[PDB]
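Asker: Dropping in structure.txt, which is compact mmCIF, C-alpha atoms and all ligand atoms:
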# COMPACT_ATOMS: atom_id res chain seq x y z
CA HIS A 10 0.00 0.00 0.00
CA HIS A 11 0.99 3.59 -0.54
CA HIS A 12 -0.49 6.86 0.65
CA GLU A 13 -2.82 8.43 -1.85
CA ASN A 14 -1.22 10.86 -4.30
CA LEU A 15 2.26 9.32 -4.02
CA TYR A 16 3.33 10.14 -7.58
CA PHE A 17 6.79 8.56 -7.30
CA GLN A 18 6.46 5.04 -5.90
CA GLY A 19 8.66 4.42 -2.89
CA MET A 20 8.57 4.54 0.87
CA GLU A 21 6.85 7.66 2.12
CA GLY A 22 9.36 9.93 3.87
CA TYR A 23 7.15 10.16 6.93
CA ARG A 24 7.62 6.47 7.51
CA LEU A 25 11.09 7.26 8.91
CA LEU A 26 9.33 8.49 12.08
CA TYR A 27 7.35 5.24 12.46
CA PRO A 28 6.20 3.33 14.37
CA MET A 29 3.97 6.07 15.82
CA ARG A 30 1.22 5.92 18.39
CA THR A 31 -2.33 5.88 17.05
CA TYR A 32 -5.00 7.98 18.70
CA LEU A 33 -8.62 8.78 17.94
CA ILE A 34 -9.92 12.30 17.43
CA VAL A 35 -13.53 12.94 18.43
CA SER A 36 -15.20 16.07 16.95
CA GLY A 37 -18.70 17.49 16.66
CA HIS A 38 -21.54 16.62 19.00
CA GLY A 39 -25.01 15.17 18.87
CA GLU A 40 -25.86 13.80 15.49
CA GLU A 41 -22.68 15.46 14.14
CA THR A 42 -20.36 13.53 16.50
CA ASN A 43 -17.51 12.00 14.51
CA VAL A 44 -14.35 9.98 15.20
CA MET A 45 -11.25 9.52 13.06
CA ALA A 46 -7.86 7.86 13.54
CA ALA A 47 -4.83 10.13 13.96
CA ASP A 48 -1.13 9.33 14.28
CA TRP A 49 0.11 12.90 13.83
CA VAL A 50 -0.46 14.05 17.40
CA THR A 51 1.97 15.53 19.88
CA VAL A 52 2.29 17.49 23.06
CA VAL A 53 3.40 21.10 22.53
CA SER A 54 3.45 22.50 26.07
CA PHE A 55 3.73 21.18 29.65
CA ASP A 56 2.24 24.05 31.65
CA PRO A 57 -0.23 24.93 30.36
CA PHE A 58 -0.93 21.55 28.84
CA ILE A 59 -1.34 22.04 25.08
CA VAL A 60 -1.46 19.40 22.30
CA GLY A 61 -1.55 19.50 18.50
CA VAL A 62 -2.93 17.28 15.74
CA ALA A 63 -2.34 17.44 11.97
CA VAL A 64 -5.63 16.98 10.11
CA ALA A 65 -6.10 17.07 6.34
CA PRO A 66 -8.70 19.58 5.04
CA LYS A 67 -10.54 16.70 3.36
CA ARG A 68 -11.31 14.99 6.68
CA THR A 69 -14.85 15.41 7.89
CA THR A 70 -13.13 15.92 11.23
CA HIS A 71 -11.49 19.08 9.83
CA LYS A 72 -14.89 20.60 9.11
CA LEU A 73 -16.16 19.74 12.58
CA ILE A 74 -13.13 21.10 14.38
CA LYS A 75 -13.43 24.35 12.36
CA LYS A 76 -17.15 24.58 13.15
CA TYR A 77 -17.03 23.95 16.92
CA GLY A 78 -13.47 24.79 17.96
CA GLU A 79 -13.10 21.74 20.16
CA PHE A 80 -11.92 18.14 19.89
CA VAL A 81 -11.14 15.18 22.13
CA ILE A 82 -8.07 12.97 21.83
CA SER A 83 -9.17 9.49 22.86
CA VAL A 84 -6.49 6.89 23.48
CA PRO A 85 -7.34 3.40 22.10
CA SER A 86 -5.90 0.07 23.08
CA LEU A 87 -4.92 -2.71 20.73
CA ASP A 88 -8.10 -4.53 21.80
CA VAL A 89 -10.22 -1.92 19.92
CA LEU A 90 -8.19 -2.05 16.70
CA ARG A 91 -11.25 -2.93 14.65
CA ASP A 92 -12.90 0.31 15.75
CA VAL A 93 -9.72 2.32 15.15
CA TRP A 94 -9.63 0.91 11.61
CA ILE A 95 -13.22 1.95 10.92
CA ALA A 96 -12.40 5.42 12.31
CA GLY A 97 -9.40 5.63 9.97
CA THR A 98 -11.10 4.30 6.82
CA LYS A 99 -14.79 5.29 6.88
CA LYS A 100 -15.95 8.86 6.52
CA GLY A 101 -18.15 10.97 8.73
CA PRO A 102 -20.65 10.50 11.55
CA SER A 103 -22.44 7.56 9.96
CA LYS A 104 -19.45 5.38 10.79
CA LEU A 105 -20.28 5.45 14.53
CA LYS A 106 -23.04 2.86 13.95
CA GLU A 107 -20.25 0.46 12.97
CA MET A 108 -18.08 1.09 16.02
CA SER A 109 -18.12 -0.47 19.45
CA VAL A 110 -18.06 2.91 21.22
CA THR A 111 -20.13 4.41 23.93
CA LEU A 112 -20.23 8.16 23.86
CA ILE A 113 -20.22 9.83 27.25
CA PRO A 114 -20.20 13.51 28.25
CA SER A 115 -16.89 15.31 28.55
CA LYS A 116 -16.12 17.24 31.70
CA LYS A 117 -15.62 20.56 29.93
CA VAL A 118 -15.94 20.54 26.05
CA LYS A 119 -19.19 19.78 24.25
CA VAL A 120 -17.55 17.08 22.11
CA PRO A 121 -18.14 13.71 23.77
CA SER A 122 -15.63 11.31 25.19
CA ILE A 123 -15.38 7.56 24.51
CA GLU A 124 -16.03 5.35 27.49
CA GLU A 125 -13.88 2.46 26.22
CA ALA A 126 -10.83 4.67 25.71
CA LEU A 127 -7.84 4.49 28.01
CA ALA A 128 -7.92 8.30 28.27
CA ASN A 129 -9.91 11.22 26.86
CA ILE A 130 -8.13 14.56 26.56
CA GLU A 131 -10.48 17.53 26.08
CA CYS A 132 -9.18 20.32 23.87
CA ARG A 133 -10.14 23.82 22.83
CA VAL A 134 -8.62 25.12 19.63
CA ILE A 135 -6.18 27.98 20.11
CA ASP A 136 -4.47 27.93 16.71
CA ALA A 137 -4.79 26.46 13.25
CA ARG A 138 -1.87 26.68 10.87
CA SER A 139 -1.62 25.27 7.35
CA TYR A 140 1.59 23.34 6.73
CA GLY A 141 1.67 21.63 3.41
CA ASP A 142 -1.26 19.28 3.00
CA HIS A 143 -2.55 19.36 6.59
CA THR A 144 -3.88 21.86 9.16
CA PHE A 145 -2.08 21.68 12.52
CA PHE A 146 -4.82 22.24 15.10
CA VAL A 147 -3.38 23.34 18.45
CA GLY A 148 -5.59 22.63 21.43
CA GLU A 149 -5.37 23.86 24.99
CA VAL A 150 -6.28 20.96 27.29
CA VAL A 151 -9.27 21.99 29.44
CA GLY A 152 -10.11 18.60 30.93
CA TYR A 153 -9.33 14.94 30.89
CA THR A 154 -10.46 11.57 32.09
CA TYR A 155 -8.76 8.18 32.07
CA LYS A 156 -9.04 4.57 33.14
CA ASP A 157 -7.34 4.28 36.54
CA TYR A 158 -5.63 1.01 35.71
CA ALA A 159 -4.09 2.30 32.49
CA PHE A 160 -2.11 4.91 34.44
CA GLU A 161 -2.17 3.19 37.84
CA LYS A 162 1.31 4.19 38.95
CA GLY A 163 1.15 7.81 37.70
CA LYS A 164 2.60 6.46 34.46
CA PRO A 165 1.37 4.29 31.65
CA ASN A 166 0.63 0.69 32.54
CA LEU A 167 2.05 -1.27 29.62
CA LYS A 168 -0.44 -4.09 30.32
CA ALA A 169 -3.12 -1.74 28.88
CA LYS A 170 -1.89 -2.43 25.31
CA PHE A 171 -1.34 1.12 24.02
CA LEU A 172 -1.65 1.18 20.23
CA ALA A 173 1.07 1.92 17.68
CA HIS A 174 1.02 1.94 13.89
CA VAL A 175 3.81 0.34 11.84
CA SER A 176 2.63 0.47 8.22
CA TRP A 177 -0.65 0.90 6.42
CA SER A 178 -2.79 -1.87 8.05
CA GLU A 179 -0.16 -3.15 10.54
CA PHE A 180 -0.24 -2.31 14.26
CA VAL A 181 1.62 -3.31 17.40
CA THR A 182 1.86 -2.61 21.06
CA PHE A 183 4.83 -2.19 23.41
CA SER A 184 7.00 -4.71 25.08
CA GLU A 185 6.42 -4.92 28.82
CA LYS A 186 10.22 -5.13 29.37
CA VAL A 187 11.24 -1.77 30.80
CA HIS A 188 14.77 -0.47 30.44
CA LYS A 189 15.95 1.99 33.08
CA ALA A 190 18.28 4.79 32.06
CA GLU A 191 19.05 5.80 35.68
CA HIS B 10 10.16 11.86 39.55
CA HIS B 11 8.17 14.82 38.38
CA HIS B 12 8.76 17.40 35.67
CA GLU B 13 10.37 20.55 36.94
CA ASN B 14 7.98 23.30 38.04
CA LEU B 15 5.09 20.91 38.79
CA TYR B 16 3.58 22.99 41.59
CA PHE B 17 0.73 20.57 42.36
CA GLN B 18 2.14 17.07 42.78
CA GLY B 19 0.42 14.50 40.61
CA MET B 20 0.75 12.82 37.25
CA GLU B 21 1.61 15.31 34.54
CA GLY B 22 -1.29 15.66 32.10
CA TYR B 23 0.98 15.01 29.15
CA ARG B 24 1.60 11.53 30.44
CA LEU B 25 -1.84 10.55 29.09
CA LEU B 26 -0.27 10.55 25.60
CA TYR B 27 2.57 8.22 26.68
CA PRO B 28 4.34 6.03 25.83
CA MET B 29 5.81 8.24 23.09
CA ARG B 30 8.68 7.67 20.72
CA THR B 31 11.99 9.26 21.64
CA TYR B 32 14.08 10.97 19.01
CA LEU B 33 17.27 13.02 19.03
CA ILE B 34 17.48 16.54 17.69
CA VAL B 35 20.84 17.62 16.25
CA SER B 36 21.45 21.39 15.93
CA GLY B 37 24.38 23.70 15.25
CA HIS B 38 27.52 22.65 13.41
CA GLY B 39 31.24 22.47 13.97
CA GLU B 40 32.19 23.18 17.51
CA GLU B 41 28.58 24.32 18.14
CA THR B 42 27.07 20.93 17.17
CA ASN B 43 24.63 19.82 19.84
CA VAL B 44 22.21 16.93 20.43
CA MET B 45 19.21 16.70 22.75
CA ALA B 46 16.47 14.14 23.37
CA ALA B 47 12.97 14.98 22.14
CA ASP B 48 9.68 13.12 22.51
CA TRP B 49 7.45 15.97 21.29
CA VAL B 50 7.94 15.38 17.58
CA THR B 51 5.38 14.75 14.88
CA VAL B 52 4.76 14.77 11.18
CA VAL B 53 2.65 17.72 10.00
CA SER B 54 2.47 17.18 6.23
CA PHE B 55 2.83 14.29 3.75
CA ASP B 56 3.59 16.14 0.52
CA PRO B 57 5.62 18.19 1.05
CA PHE B 58 7.13 16.29 3.95
CA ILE B 59 7.11 18.61 6.97
CA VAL B 60 7.75 17.77 10.66
CA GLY B 61 7.54 19.70 13.93
CA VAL B 62 9.28 19.55 17.30
CA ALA B 63 8.39 21.32 20.58
CA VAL B 64 11.54 22.75 22.18
CA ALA B 65 11.68 24.75 25.41
CA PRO B 66 13.39 28.19 25.16
CA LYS B 67 15.83 27.11 27.87
CA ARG B 68 17.28 24.31 25.72
CA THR B 69 20.64 25.08 24.20
CA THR B 70 19.10 23.42 21.16
CA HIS B 71 16.54 26.26 21.00
CA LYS B 72 19.32 28.83 20.65
CA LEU B 73 21.03 26.81 17.94
CA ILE B 74 17.87 26.24 15.93
CA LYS B 75 17.11 29.99 16.13
CA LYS B 76 20.66 30.84 15.06
CA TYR B 77 20.99 28.49 12.06
CA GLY B 78 17.43 27.70 11.01
CA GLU B 79 18.09 24.00 10.57
CA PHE B 80 17.95 20.80 12.60
CA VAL B 81 18.19 17.04 12.12
CA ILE B 82 15.85 14.49 13.66
CA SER B 83 17.95 11.41 14.34
CA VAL B 84 16.16 8.20 15.23
CA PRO B 85 17.84 6.19 18.05
CA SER B 86 17.47 2.55 18.89
CA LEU B 87 17.13 1.08 22.34
CA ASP B 88 20.77 -0.06 22.04
CA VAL B 89 21.93 3.60 22.28
CA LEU B 90 19.79 4.46 25.31
CA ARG B 91 22.82 5.57 27.30
CA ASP B 92 23.57 8.20 24.68
CA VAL B 93 19.91 9.28 24.48
CA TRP B 94 19.97 9.76 28.25
CA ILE B 95 23.07 11.96 28.10
CA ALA B 96 21.42 13.96 25.28
CA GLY B 97 18.31 14.41 27.45
CA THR B 98 20.08 15.29 30.72
CA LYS B 99 23.35 17.11 29.93
CA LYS B 100 23.43 20.58 28.45
CA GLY B 101 25.10 21.90 25.34
CA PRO B 102 27.84 20.86 22.92
CA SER B 103 30.26 19.67 25.58
CA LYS B 104 28.06 16.62 26.12
CA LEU B 105 29.11 15.12 22.75
CA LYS B 106 32.43 14.02 24.29
CA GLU B 107 30.36 11.70 26.50
CA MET B 108 28.33 10.17 23.69
CA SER B 109 29.06 7.24 21.43
CA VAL B 110 28.18 9.19 18.27
CA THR B 111 29.94 9.73 15.03
CA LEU B 112 28.99 12.92 13.29
CA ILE B 113 28.75 12.68 9.52
CA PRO B 114 27.78 15.27 6.90
CA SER B 115 24.13 15.69 6.02
CA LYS B 116 23.08 15.58 2.39
CA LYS B 117 21.54 19.05 2.39
CA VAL B 118 21.57 20.98 5.77
CA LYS B 119 24.77 22.11 7.48
CA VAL B 120 23.80 20.43 10.76
CA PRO B 121 25.43 16.99 10.87
CA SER B 122 23.80 13.62 10.96
CA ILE B 123 24.55 10.74 13.37
CA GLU B 124 26.01 7.67 11.76
CA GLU B 125 24.67 5.26 14.41
CA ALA B 126 21.09 6.50 14.02
CA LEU B 127 18.45 4.41 12.32
CA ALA B 128 17.48 7.48 10.26
CA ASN B 129 18.46 11.15 9.96
CA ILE B 130 15.81 13.58 8.76
CA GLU B 131 17.19 16.93 7.58
CA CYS B 132 15.01 19.95 8.28
CA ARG B 133 14.87 23.63 7.45
CA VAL B 134 12.82 25.81 9.74
CA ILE B 135 9.72 27.28 8.13
CA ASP B 136 7.85 28.38 11.26
CA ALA B 137 8.31 28.90 14.97
CA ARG B 138 5.28 29.41 17.16
CA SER B 139 5.18 29.84 20.93
CA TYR B 140 2.60 27.63 22.63
CA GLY B 141 2.76 27.78 26.36
CA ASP B 142 6.19 26.84 27.63
CA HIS B 143 7.67 25.55 24.35
CA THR B 144 8.43 26.77 20.81
CA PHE B 145 7.00 24.52 18.08
CA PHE B 146 9.66 24.51 15.36
CA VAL B 147 8.22 23.42 12.00
CA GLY B 148 10.75 22.03 9.57
CA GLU B 149 10.45 21.30 5.89
CA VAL B 150 12.30 18.04 5.19
CA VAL B 151 15.03 18.71 2.60
CA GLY B 152 16.89 15.40 2.85
CA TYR B 153 17.16 12.16 4.69
CA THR B 154 19.28 9.09 5.17
CA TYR B 155 18.60 5.80 6.92
CA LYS B 156 19.95 2.36 7.70
CA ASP B 157 18.65 0.02 4.98
CA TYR B 158 17.87 -2.79 7.40
CA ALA B 159 15.80 -0.60 9.71
CA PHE B 160 13.31 0.08 6.91
CA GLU B 161 14.10 -2.95 4.74
CA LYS B 162 10.57 -3.62 3.54
CA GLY B 163 9.62 0.03 2.90
CA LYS B 164 8.37 0.05 6.49
CA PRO B 165 9.95 -0.07 9.89
CA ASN B 166 11.73 -3.28 10.78
CA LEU B 167 10.71 -3.92 14.38
CA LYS B 168 13.93 -5.91 14.93
CA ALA B 169 15.74 -2.51 14.87
CA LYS B 170 14.49 -1.72 18.42
CA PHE B 171 12.88 1.70 17.89
CA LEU B 172 12.88 3.64 21.16
CA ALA B 173 9.89 4.72 23.24
CA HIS B 174 9.65 6.56 26.54
CA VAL B 175 7.28 5.41 29.30
CA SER B 176 8.11 7.58 32.32
CA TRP B 177 11.00 9.72 33.45
CA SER B 178 13.93 7.23 33.19
CA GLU B 179 11.96 4.24 31.82
CA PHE B 180 12.08 3.19 28.16
CA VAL B 181 10.80 0.34 26.02
CA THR B 182 10.64 -0.89 22.49
CA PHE B 183 7.85 -2.50 20.46
CA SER B 184 6.60 -6.00 20.35
CA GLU B 185 7.48 -7.80 17.14
CA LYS B 186 3.95 -9.30 17.03
CA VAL B 187 2.14 -7.46 14.25
CA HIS B 188 -1.63 -7.20 14.20
CA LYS B 189 -3.25 -6.74 10.81
CA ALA B 190 -6.34 -4.58 10.53
CA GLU B 191 -7.10 -5.68 6.93
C1 LIG C 1 -3.98 4.57 11.83
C2 LIG C 1 -4.34 5.78 11.02
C3 LIG C 1 -3.80 7.01 11.35
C4 LIG C 1 -4.21 8.17 10.69
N1 LIG C 1 -3.63 9.40 11.04
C5 LIG C 1 -4.11 10.53 10.44
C6 LIG C 1 -3.65 11.80 10.86
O1 LIG C 1 -2.79 11.96 11.76
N2 LIG C 1 -4.19 12.91 10.24
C7 LIG C 1 -5.15 12.82 9.23
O2 LIG C 1 -5.56 13.86 8.69
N3 LIG C 1 -5.64 11.61 8.87
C8 LIG C 1 -5.13 10.49 9.45
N4 LIG C 1 -5.65 9.27 9.08
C9 LIG C 1 -6.73 9.27 8.04
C10 LIG C 1 -8.12 9.47 8.66
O3 LIG C 1 -8.29 8.78 9.90
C11 LIG C 1 -9.13 8.94 7.64
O4 LIG C 1 -9.00 9.65 6.39
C12 LIG C 1 -10.57 8.95 8.12
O5 LIG C 1 -11.33 8.11 7.24
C13 LIG C 1 -11.15 10.36 8.10
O6 LIG C 1 -12.49 10.31 8.63
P1 LIG C 1 -13.43 11.60 8.62
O7 LIG C 1 -13.65 12.05 7.18
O8 LIG C 1 -14.69 11.05 9.25
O9 LIG C 1 -12.76 12.69 9.42
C14 LIG C 1 -5.22 8.11 9.71
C15 LIG C 1 -5.76 6.87 9.37
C16 LIG C 1 -5.32 5.72 10.02
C17 LIG C 1 -5.92 4.36 9.68
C1 LIG C 2 13.55 11.13 26.72
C2 LIG C 2 13.50 12.62 26.82
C3 LIG C 2 12.67 13.34 25.99
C4 LIG C 2 12.68 14.73 25.98
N1 LIG C 2 11.81 15.43 25.13
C5 LIG C 2 11.91 16.79 25.09
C6 LIG C 2 11.14 17.52 24.15
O1 LIG C 2 10.35 16.99 23.34
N2 LIG C 2 11.31 18.89 24.12
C7 LIG C 2 12.18 19.56 24.97
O2 LIG C 2 12.24 20.80 24.92
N3 LIG C 2 12.96 18.86 25.84
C8 LIG C 2 12.83 17.51 25.90
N4 LIG C 2 13.63 16.82 26.77
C9 LIG C 2 14.60 17.62 27.60
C10 LIG C 2 15.91 17.88 26.86
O3 LIG C 2 16.36 16.76 26.09
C11 LIG C 2 16.95 18.21 27.93
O4 LIG C 2 16.54 19.36 28.70
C12 LIG C 2 18.37 18.39 27.40
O5 LIG C 2 19.26 18.32 28.51
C13 LIG C 2 18.53 19.73 26.70
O6 LIG C 2 19.86 19.81 26.16
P1 LIG C 2 20.40 21.16 25.49
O7 LIG C 2 20.38 22.28 26.51
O8 LIG C 2 21.81 20.75 25.10
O9 LIG C 2 19.51 21.49 24.31
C14 LIG C 2 13.60 15.43 26.80
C15 LIG C 2 14.43 14.72 27.64
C16 LIG C 2 14.38 13.32 27.66
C17 LIG C 2 15.31 12.52 28.57
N1 LIG C 3 -2.44 11.66 5.35
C1 LIG C 3 -2.59 11.36 6.62
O1 LIG C 3 -2.98 12.21 7.33
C2 LIG C 3 -2.32 9.98 7.12
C3 LIG C 3 -1.60 9.79 8.29
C4 LIG C 3 -1.33 8.47 8.72
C5 LIG C 3 -1.86 7.41 7.99
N2 LIG C 3 -2.57 7.64 6.86
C6 LIG C 3 -2.80 8.88 6.40
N1 LIG C 4 9.62 19.69 29.12
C1 LIG C 4 9.94 18.89 28.14
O1 LIG C 4 10.13 19.36 27.09
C2 LIG C 4 10.11 17.42 28.38
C3 LIG C 4 9.55 16.50 27.51
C4 LIG C 4 9.70 15.12 27.78
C5 LIG C 4 10.45 14.74 28.88
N2 LIG C 4 10.98 15.66 29.71
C6 LIG C 4 10.83 16.98 29.50
What is this file in structure tokens?
Ligand SMILES: Cc1cc2nc3c(=O)[nH]c(=O)nc-3n(C[C@H](O)[C@H](O)[C@H](O)COP(=O)(O)O)c2cc1C
Ligand SMILES: Cc1cc2nc3c(=O)[nH]c(=O)nc-3n(C[C@H](O)[C@H](O)[C@H](O)COP(=O)(O)O)c2cc1C
Ligand SMILES: NC(=O)c1cccnc1
Ligand SMILES: NC(=O)c1cccnc1

Answerer:
Amino acid sequence: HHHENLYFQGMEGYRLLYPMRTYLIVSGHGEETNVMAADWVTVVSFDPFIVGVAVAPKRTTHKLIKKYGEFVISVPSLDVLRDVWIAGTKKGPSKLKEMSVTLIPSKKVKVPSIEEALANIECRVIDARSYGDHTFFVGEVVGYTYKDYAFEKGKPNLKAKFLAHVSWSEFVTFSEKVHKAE
Amino acid sequence: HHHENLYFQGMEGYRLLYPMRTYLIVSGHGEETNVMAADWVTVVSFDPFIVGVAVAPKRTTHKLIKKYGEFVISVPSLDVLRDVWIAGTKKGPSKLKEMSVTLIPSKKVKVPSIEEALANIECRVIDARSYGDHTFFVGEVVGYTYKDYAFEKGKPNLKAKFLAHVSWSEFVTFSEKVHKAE
């Protein structure tokens, strides 16, 4: 498989950063609630806590983030891969009927959270910049929830099976073997 | 351990996105060549290939990226953890004497590449935005090199031991067990 619009066949340059974590991005609310898959997510500030996500203009998610100015980063486990794949292949709110997700209210944003997620990070858009073929939406974190066990020791519990993306349809989780640097 | 300037003790919010990949950021050149550790790295565009990295103003790396307008993202393996830890704990160019790294010329930028890295992604700064306590440096990718075996099948070779960060001094790599979504 290759990314769409790869005119010169070869490995996509971005693959040099892989494997990357895979998250879900929830946008909209009510009948407009949507979810997509997103790898291109990072933290951009500690205090205040701010995150960013690169979203192509053609995503339905892009329209919904522009319209409402809010999004939720929901953290999936490997056990919900089938739902992550639907989120990353089907288009728009009608896909939710196909997904094993239970929408629950957020603490602060109007966009819902996903009950099955390991964490839900509630974001308000503070910037949108166009870089190449994506918009980088920067979100101030205004709330969050998480599954106690997934972060039981004030750090990620590797038993929770955090999801990473290797290539097109190939995913993995982490080893449970921790290496200490100090 | 907690991040510096965590006034209210508890798990840092950003930890909800962890584990995250750990990269190295090379900046400067000559006697000013520097390397630091960076987790807060993502892709922001496919075509053209553009990346971003969140760097605190207090990093020596910040000064060097501002001065020269270029940086290299070098991808470490778990086998070079000791060097990654020096990059992420010591300050400025004098740390290189302590690291098992061989600097080699980049293809395009003046900042050197690291021979031992799995990949070296050469970047020219196209934007710098302040979000909270970090600058988000956005870099257009103008060249790259990589170890053939690490990406042998036009995708990451999990045998290469790509590095991820769990908590302060704790690191892991990926399982080699691939899950197919399609
Ligand atoms: C694992 C995976 C990761 C993805 N990461 C991104 C991403 O970071 N940004 C993006 O714009 N699209 C990404 N996509 C593509 C969207 O998830 C996909 O186009 C989705 O169908 C869009 O749905 P929507 O139109 O309902 O927003 C990803 C897809 C997959 C399968
Ligand atoms: C694994 C790890 C990841 C890190 N990620 C970041 C990061 O994304 N951004 C940042 O500004 N500092 C990050 N740091 C902190 C810098 O690497 C660290 O402060 C380093 O000593 C700065 O070196 P310098 O002053 O030579 O630039 C990280 C540190 C470690 C150990
Ligand atoms: N173009 C994209 O945004 C993208 C990112 C990761 C996987 N597939 C597509
Ligand atoms: N403040 C930071 O930039 C940072 C990121 C990851 C680990 N330690 C510090």

Asker: Would you kindly return, as number ranges by chain, each protein, DNA or RNA residue with an atom no farther than 9 Å from any atom of segment 45-57 of chain B, considering all atoms listed in the file and excluding same-chain residues fewer than 3 positions away?

Answerer: A: 12, 14-15, 21-23, 26, 29, 48-53, 62-65, 140-145; B: 29-36, 60-64, 68-70, 82, 93-101, 147, 149-150, 173-174

Asker: Restricting the calculation to only C-alpha atoms, which member of A:74, A:137, A:59, A:44 is positioned closest to chain B?

Answerer: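 Of all the options, A:59 lies closest to chain B.
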
Asker: Can you work out which one of B:41, B:157, B:179, B:79 has the shortest atom-to-atom distance to ligand LIG 4 (chain C), counting only C-alpha atoms and all ligand atoms?

Answerer: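 Using only C-alpha atoms and all ligand atoms, ligand LIG 4 (chain C) sits closest to B:179.
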
Asker: Ranking B:109, B:83, B:115, B:103 by minimum distance to chain A and counting only C-alpha atoms, which one comes first?

Answerer: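 Looking at the shortest contact to chain A, the residue is B:83.
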
Asker: Need the shell around residue 181 of chain B: protein/DNA/RNA residues with any atom at most 8 Å away, counting all atoms listed in the file. Skip same-chain ones fewer than 5 positions apart. Format as a list in words?

Answerer: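 Listing them by chain and then by number gives residues 183, 184, 185, 186, 187 and 188 of chain A; 87, 172, 173, 174 and 175 of chain B.
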
Asker: Edge lengths and centre in Å to one decimal, as JSON, is what I'm after for the box along x, y and z that holds all listed atoms of segment 91-103 of chain A once 5 Å is added on each side.

Answerer:
{"center_x": -15.9, "center_y": 4.0, "center_z": 11.1, "size_x": 23.0, "size_y": 23.9, "size_z": 19.2}

Asker: Residues near residue 158 of chain A, anyone? I mean within 12 Å using all atoms listed in the file, not counting same-chain ones fewer than 6 positions away, as an MDAnalysis selection string.

Answerer: chainID A and resid 126:128 164:170

Asker: Kindly export the residues of the current selection with C-alpha atoms, as a compact mmCIF listing (two decimals), in the coordinates of the input.

Answerer:
# COMPACT_ATOMS: atom_id res chain seq x y z
CA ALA A 126 -10.83 4.67 25.71
CA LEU A 127 -7.84 4.49 28.01
CA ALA A 128 -7.92 8.30 28.27
CA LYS A 164 2.60 6.46 34.46
CA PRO A 165 1.37 4.29 31.65
CA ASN A 166 0.63 0.69 32.54
CA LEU A 167 2.05 -1.27 29.62
CA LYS A 168 -0.44 -4.09 30.32
CA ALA A 169 -3.12 -1.74 28.88
CA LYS A 170 -1.89 -2.43 25.31

Asker: With distances taken over only C-alpha atoms, which residue among B:156, B:10, B:91, B:75 lies nearest chain A?

Answerer: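 Among the listed residues, B:91 lies closest to chain A.
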
Asker: Any idea what the distance is between atom CA of residue 171 of chain A and atom CA of residue 37 of chain A?

Answerer: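 Computed distance, atom CA of residue 171 of chain A to atom CA of residue 37 of chain A, equals 25.0 Å.
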
Asker: To one decimal in Å, tell me the separation between atom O3 of ligand LIG 1 (chain C) and atom CA of residue 154 of chain A.

Answerer: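 Distance reported for this atom pair: 22.5 Å.
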
Asker: So how far away is atom CA of residue 148 of chain B from atom CA of residue 40 of chain B, in Å?

Answerer: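 Separating atom CA of residue 40 of chain B from atom CA of residue 148 of chain B is a distance of 22.9 Å.
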
Asker: Excluding residue 124 of chain A and residues on its chain fewer than 6 positions from it, collect all residues at most 8 Å away from it, counting all atoms listed in the file, and give them as a compact mmCIF listing (two decimals) with C-alpha atoms, keeping the file's coordinate frame.

Answerer:
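And here's out10.txt as it stands now:
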# COMPACT_ATOMS: atom_id res chain seq x y z
CA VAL A 110 -18.06 2.91 21.22
CA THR A 111 -20.13 4.41 23.93
CA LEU A 112 -20.23 8.16 23.86
CA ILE A 113 -20.22 9.83 27.25

Asker: Could segment 40-46 of chain B be completed with N, CA, C and O atoms and returned as an mmCIF file, in the coordinates of the input?

Answerer:
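The result, stored in out-v9.cif:
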data_model
loop_
_atom_site.group_PDB
_atom_site.id
_atom_site.type_symbol
_atom_site.label_atom_id
_atom_site.label_comp_id
_atom_site.auth_asym_id
_atom_site.auth_seq_id
_atom_site.Cartn_x
_atom_site.Cartn_y
_atom_site.Cartn_z
ATOM 1 N N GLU B 40 32.018 23.207 16.096
ATOM 2 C CA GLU B 40 32.190 23.180 17.510
ATOM 3 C C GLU B 40 30.887 23.472 18.253
ATOM 4 O O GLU B 40 30.833 23.270 19.424
ATOM 5 N N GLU B 41 29.906 24.033 17.555
ATOM 6 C CA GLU B 41 28.580 24.320 18.140
ATOM 7 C C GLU B 41 27.596 23.174 17.955
ATOM 8 O O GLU B 41 26.457 23.307 18.321
ATOM 9 N N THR B 42 28.005 22.066 17.352
ATOM 10 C CA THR B 42 27.070 20.930 17.170
ATOM 11 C C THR B 42 26.580 20.438 18.527
ATOM 12 O O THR B 42 27.343 20.245 19.483
ATOM 13 N N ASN B 43 25.262 20.230 18.613
ATOM 14 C CA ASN B 43 24.630 19.820 19.840
ATOM 15 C C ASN B 43 23.628 18.695 19.517
ATOM 16 O O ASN B 43 23.159 18.573 18.361
ATOM 17 N N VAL B 44 23.285 17.913 20.538
ATOM 18 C CA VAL B 44 22.210 16.930 20.430
ATOM 19 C C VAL B 44 21.401 16.938 21.705
ATOM 20 O O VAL B 44 21.980 16.982 22.796
ATOM 21 N N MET B 45 20.066 16.921 21.587
ATOM 22 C CA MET B 45 19.210 16.700 22.750
ATOM 23 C C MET B 45 18.218 15.582 22.467
ATOM 24 O O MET B 45 18.009 15.245 21.308
ATOM 25 N N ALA B 46 17.589 15.064 23.513
ATOM 26 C CA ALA B 46 16.470 14.140 23.370
ATOM 27 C C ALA B 46 15.180 14.913 23.161
ATOM 28 O O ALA B 46 14.979 15.965 23.785
#
